[PDB]
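This report concerns only the one structure given below.
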Amino acid sequence: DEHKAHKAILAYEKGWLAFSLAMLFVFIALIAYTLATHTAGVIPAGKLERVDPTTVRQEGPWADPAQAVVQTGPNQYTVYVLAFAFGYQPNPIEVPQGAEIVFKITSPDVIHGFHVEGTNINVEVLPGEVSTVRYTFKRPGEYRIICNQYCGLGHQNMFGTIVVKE
Amino acid sequence: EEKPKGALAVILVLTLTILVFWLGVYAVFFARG
Amino acid sequence: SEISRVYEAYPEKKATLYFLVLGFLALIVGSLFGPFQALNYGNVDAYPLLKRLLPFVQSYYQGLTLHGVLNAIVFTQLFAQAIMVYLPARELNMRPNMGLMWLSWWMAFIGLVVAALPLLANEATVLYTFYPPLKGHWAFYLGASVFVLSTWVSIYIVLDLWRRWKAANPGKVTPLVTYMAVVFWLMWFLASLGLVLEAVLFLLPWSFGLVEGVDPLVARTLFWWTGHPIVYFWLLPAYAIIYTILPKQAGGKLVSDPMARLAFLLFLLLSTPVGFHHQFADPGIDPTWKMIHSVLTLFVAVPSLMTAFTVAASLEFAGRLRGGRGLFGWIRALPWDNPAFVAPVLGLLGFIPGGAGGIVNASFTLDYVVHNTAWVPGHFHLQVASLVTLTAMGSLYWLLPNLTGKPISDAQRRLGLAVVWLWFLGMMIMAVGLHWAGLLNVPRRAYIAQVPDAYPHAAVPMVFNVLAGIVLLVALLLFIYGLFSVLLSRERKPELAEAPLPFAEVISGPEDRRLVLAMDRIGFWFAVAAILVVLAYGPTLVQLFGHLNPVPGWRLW
Ligand code: HAS
Ligand code: HEM
Ligand code: CUA
Ligand SMILES: [Cu+2]
Ligand SMILES: [Xe]
Ligand SMILES: [Xe]
Ligand SMILES: [Xe]
Ligand SMILES: [Xe]
Ligand SMILES: [Xe]
């Protein structure tokens, strides 16, 4: 008693810790799996890509909204998105399906979020940096973009749109 | 007295809850892929 | 000029009380916005009512800034500074350097007020994360800095106690509570450097006018260096009470000293080098480094997993000592009439769905499902606003008497039990509501009641959020009532203000010595933790500091 409960507890503790680490390593193994698959495209690009925020929408790929989309391969399209104080340019973003869309997003003002409802596209958009993500939608129709980072008094109203064509 | 049946039940529930959460979202991650 | 002999040989008692009072006032004020926010996520706009009550409130987001700051930052730091200075001091029966201990309180008080002015005047509606380029008033940043630096005094205070005790007891193992306190404050010191650098290098010169740009990426990297460990800095003070006082309140004993020490040792090791789990959705950060940080974060869950077993066993043991039955008998044997027992127990229950939510968010790729949704607030209210606050609330039932001498009547005791159950229950409902809607893509930090038709698919969880909002509103009121009833009565027994803190017995074994001894090599372990931080952050920080891209400030409120 008490001393008898000490050893048993400490014994089952060691078996609990062995099981727990095992379970975590399994999780580490299924996360590594996702990294090797296609779904890993939503992980933003690692290399830094600096831009001037104060000069984004008057010069360079973000300046002209009719230019935002660009075919860069045979089945690759680069969209130059601009998340700003309560809105997204272009609106709506028009892209075909079965195509690899390479979003390159930045801000002229503050931090915004880029959350494409119904997809794994969830990226922070930082002023003076380009958030580069790759995504191939499989489902055709109405994709809404939500700003999930507080960016001012109109933040709850900051909605965007992805027009992806069947 | 003996085995912590009560404790091992508790961490069983905890273990089951973690899995439901992890596997459930692990699913939803691929469905939005 | 001293009216109570108590405060003259235990003057730490007084300094502890002030930290506690200031902390629960901030808790109350901050908590007022809670119910309104809950209704907001129940698609109900009650804010014109709030605006009529509190006429200085300008927006939802000013409210939300006050809610975060006053509850997550102020209440929690002042509770820590109270617990993780007073409990070691009483365990050792040593007086803490009172000159420095009062200085740390004044810092906290002047820092709070200084930062309170611009917040109350809507000059710093930037939330508790204050991300650049969102630019507040200088007096918020200055105020926050002073408030946070107060902890650096606290660290010194405890270290000092610890050195002095090592002197009087050469070659002896650091006693339990003190050991936790040490590895706690040391951990906090290492953690705090990320926020200090942010403040000193960027935010402070920026708000003062010295510079006109601040890089957002390095700003939120340094932030999250401190950003995560600070949650443990909220947590460990509750853990200390759960490990070393709860078993006594239950009627049993802490089943293991070395486990407790190992739990706290790991936290000192893994609490800091895991910030990238907050930045999974950030650009400019290498994906490999994100996977690294995701692994270490899975590891930092281990201490909690250990804790789960150690505490469960200690409450099964206590239950059996009370006349425990079979598989679930020990549960019913516990002192469910005692608020100091019930409150933390309930917090632990809800901590289970809270922890799993944490592990999910920590799975790199799976974050993209939940990041910045109502799921995250769902996650942490089970953690901070449940476990921590509840442990805090219930602990008033032994800690308030012990500092003041004021007894607690049966009525106030039963009042507590109501407030505790409601708070718990209400946090539970809310949890379901926020997780649900978070899966349905509902963003967090949003005044969604102002855009009613925006989220129709969240129909039924929006009901839960309304319910909780009502439930927790009532619990709060009863808390204020009950708390002020205890703080405004002149019933005083000076004898229970001299009664020892109900510390629990520690079951010890033979194997302990050698393991406990290696853990007491704190100077070694502190450097190990220091190196881990350099390795995890160093390579990235150096790459971000060579390519600085400061952007101008914005006010968007
Ligand atoms: C004080 C509160 C803090 C707790 C501690 C906490 C724990 C964790 N968190 Fe966290 N967290 C994250 C990962 C974790 C992980 C892995 C854990 C772990 O520490 C959890 C370990 C816990 C367990 C493994 C459970 C152990 C269970 C126990 C100990 C109870 C047993 C009960 C018993 C035995 C009682 C039985 C009694 C009877 C009577 C039977 C991640 C992802 O990696 C995000 C990012 C979301 C995003 O994208 O923004 C995050 C976001 C937050 C938010 C958002 C901050 C913001 O504004 O952006 C803050 C407040 C926060 C607080 C806290 N968090 N967390
Ligand atoms: C009185 C009971 C409480 C209720 C009903 C409540 C409700 C809420 C709600 C609905 C939100 C989401 C707001 C949004 O993201 O738009 C929230 C956020 C938050 N709550 Fe609570 N809360 C309560 C108590 C607490 C406590 C006790 C703490 C900490 C000790 C706390 C800390 C936080 C923090 C840090 C946030 C996020 C702030 C931000 O994202 O800017 N809350 N709360
Ligand atoms: Cu931009 Cu929310
Ligand atoms: Cu964290
Ligand atoms: Xe902070
Ligand atoms: Xe700060
Ligand atoms: Xe503050
Ligand atoms: Xe700071
Ligand atoms: Xe935080």
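All residue names refer to the structure tokens as shown: chains lettered A, B, ... in order, residues numbered from 1 in each chain, ligands numbered from 1 in order.
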
Within 12 Å of ligand 5 (only C-alpha atoms and all ligand atoms), residues as a ChimeraX atom specification: /C:65,68-74,76-77,126-131,140-141,144-145,147-149,191-196,198-199,219-220,222-231,233-234

Keeping N, CA and C atoms, export the residues of the selection given above as a short mmCIF file (atom, residue, chain, number, x, y, z; two decimals), in the first residue's frame.
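What ended up in out.cif:
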```cif
data_model
loop_
_atom_site.label_atom_id
_atom_site.label_comp_id
_atom_site.auth_asym_id
_atom_site.auth_seq_id
_atom_site.Cartn_x
_atom_site.Cartn_y
_atom_site.Cartn_z
N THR C 65 -10.07 43.76 -28.28
CA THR C 65 -8.73 44.11 -27.85
C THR C 65 -8.68 44.10 -26.32
N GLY C 68 -9.02 40.33 -24.92
CA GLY C 68 -7.75 39.61 -25.00
C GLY C 68 -6.75 40.13 -23.99
N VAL C 69 -6.40 41.40 -24.12
CA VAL C 69 -5.41 42.03 -23.25
C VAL C 69 -5.70 41.75 -21.77
N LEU C 70 -6.88 42.15 -21.32
CA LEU C 70 -7.19 42.10 -19.89
C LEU C 70 -7.36 40.70 -19.33
N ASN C 71 -7.71 39.75 -20.19
CA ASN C 71 -7.90 38.38 -19.73
C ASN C 71 -6.73 37.46 -20.01
N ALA C 72 -6.22 37.50 -21.23
CA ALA C 72 -5.13 36.62 -21.63
C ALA C 72 -3.77 37.11 -21.14
N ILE C 73 -3.56 38.42 -21.14
CA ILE C 73 -2.25 38.96 -20.80
C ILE C 73 -2.15 39.38 -19.33
N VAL C 74 -3.00 40.31 -18.91
CA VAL C 74 -2.88 40.92 -17.59
C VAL C 74 -3.26 39.98 -16.45
N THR C 76 -3.60 36.79 -16.35
CA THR C 76 -2.75 35.60 -16.34
C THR C 76 -1.32 35.85 -15.86
N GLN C 77 -0.75 37.00 -16.22
CA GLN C 77 0.61 37.32 -15.77
C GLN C 77 0.63 37.67 -14.28
N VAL C 126 -5.87 47.12 -31.85
CA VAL C 126 -4.97 46.28 -32.63
C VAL C 126 -4.94 44.85 -32.09
N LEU C 127 -5.88 44.55 -31.20
CA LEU C 127 -6.00 43.24 -30.54
C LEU C 127 -4.78 42.91 -29.70
N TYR C 128 -4.83 41.78 -29.01
CA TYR C 128 -3.77 41.41 -28.08
C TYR C 128 -2.51 40.89 -28.77
N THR C 129 -2.59 40.69 -30.09
CA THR C 129 -1.42 40.29 -30.87
C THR C 129 -0.71 41.48 -31.52
N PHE C 130 -1.38 42.63 -31.57
CA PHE C 130 -0.82 43.88 -32.10
C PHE C 130 0.14 43.72 -33.29
N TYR C 131 -0.33 43.04 -34.34
CA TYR C 131 0.45 42.86 -35.56
C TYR C 131 0.67 44.17 -36.31
N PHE C 140 0.53 52.48 -25.49
CA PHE C 140 0.16 51.09 -25.40
C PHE C 140 1.40 50.22 -25.38
N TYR C 141 2.32 50.49 -26.30
CA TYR C 141 3.55 49.71 -26.43
C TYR C 141 4.45 49.89 -25.23
N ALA C 144 2.75 48.17 -22.30
CA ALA C 144 2.90 46.72 -22.38
C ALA C 144 4.31 46.29 -22.01
N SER C 145 5.29 47.03 -22.50
CA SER C 145 6.69 46.72 -22.23
C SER C 145 6.98 46.71 -20.74
N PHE C 147 4.89 46.52 -18.29
CA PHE C 147 4.07 45.47 -17.69
C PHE C 147 4.72 44.10 -17.80
N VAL C 148 5.27 43.81 -18.97
CA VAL C 148 5.92 42.53 -19.21
C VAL C 148 7.27 42.44 -18.49
N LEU C 149 8.04 43.52 -18.52
CA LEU C 149 9.34 43.56 -17.87
C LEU C 149 9.26 43.29 -16.36
N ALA C 191 12.01 32.76 -23.02
CA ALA C 191 10.85 32.99 -23.88
C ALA C 191 10.64 34.47 -24.16
N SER C 192 10.82 35.29 -23.12
CA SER C 192 10.50 36.71 -23.18
C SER C 192 11.37 37.48 -24.16
N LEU C 193 12.53 36.92 -24.49
CA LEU C 193 13.48 37.62 -25.35
C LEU C 193 12.93 37.94 -26.74
N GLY C 194 12.04 37.09 -27.24
CA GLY C 194 11.42 37.30 -28.55
C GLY C 194 10.54 38.53 -28.61
N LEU C 195 9.83 38.78 -27.51
CA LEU C 195 8.94 39.93 -27.39
C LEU C 195 9.69 41.21 -27.04
N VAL C 196 10.76 41.07 -26.26
CA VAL C 196 11.60 42.20 -25.89
C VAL C 196 12.32 42.75 -27.12
N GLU C 198 11.43 42.41 -30.26
CA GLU C 198 10.38 43.04 -31.06
C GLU C 198 10.11 44.46 -30.57
N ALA C 199 9.93 44.61 -29.26
CA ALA C 199 9.64 45.90 -28.65
C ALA C 199 10.80 46.88 -28.79
N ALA C 219 8.52 40.72 -37.49
CA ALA C 219 7.77 41.23 -36.35
C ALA C 219 6.92 40.14 -35.73
N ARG C 220 6.30 39.32 -36.57
CA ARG C 220 5.45 38.25 -36.07
C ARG C 220 6.21 36.94 -35.84
N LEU C 222 9.42 37.06 -34.24
CA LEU C 222 9.87 37.37 -32.89
C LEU C 222 8.73 37.27 -31.91
N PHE C 223 7.56 37.76 -32.32
CA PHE C 223 6.39 37.69 -31.47
C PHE C 223 6.17 36.26 -31.05
N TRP C 224 6.04 35.36 -32.02
CA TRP C 224 5.69 33.98 -31.73
C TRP C 224 6.77 33.17 -31.06
N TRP C 225 7.99 33.71 -31.07
CA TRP C 225 9.06 33.19 -30.24
C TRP C 225 8.60 33.24 -28.78
N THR C 226 8.01 34.37 -28.38
CA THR C 226 7.42 34.52 -27.05
C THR C 226 5.98 34.03 -27.07
N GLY C 227 5.36 34.15 -28.24
CA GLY C 227 3.94 33.93 -28.42
C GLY C 227 3.42 32.61 -27.93
N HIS C 228 4.17 31.54 -28.16
CA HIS C 228 3.72 30.25 -27.66
C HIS C 228 4.09 29.99 -26.19
N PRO C 229 5.38 30.13 -25.83
CA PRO C 229 5.72 29.82 -24.45
C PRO C 229 4.87 30.58 -23.44
N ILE C 230 4.42 31.78 -23.80
CA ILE C 230 3.60 32.57 -22.89
C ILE C 230 2.32 31.84 -22.48
N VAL C 231 1.82 30.95 -23.33
CA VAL C 231 0.63 30.16 -22.98
C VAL C 231 0.97 29.16 -21.87
N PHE C 233 3.41 29.79 -19.79
CA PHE C 233 3.56 30.75 -18.71
C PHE C 233 2.23 31.04 -18.03
N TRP C 234 1.13 30.88 -18.77
CA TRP C 234 -0.20 30.97 -18.17
C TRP C 234 -0.51 29.66 -17.50
#
```

Distance-based interface of chain A with chain B, 10 Å, counting only C-alpha atoms, as a PyMOL selection string: chain A and resi 1-5+8-9+11-12+16+20+23+27+30-31+34+38-42+117-121+135-139

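The smallest atom-to-atom distance between chain A and any of C:461, C:552, C:326, C:11, using only C-alpha atoms, is found for C:552.
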
Residues of chain C within 8 Å of chain B, only C-alpha atoms counted, as a PyMOL selection string: chain C and resi 308-309+312-313+316+326-328+330+352-353+356-357+359-360+365-366+369

CA of residue 307 in chain C to CA of residue 438 in chain C, distance in Å rounded to a single decimal: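 Going from CA of residue 307 in chain C over to CA of residue 438 in chain C covers 28.3 Å.
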
Counting only C-alpha atoms, chain C residues within 6 Å of chain A, as a ChimeraX atom specification: /C:133,281-287,368,372,443,445-447,556-557
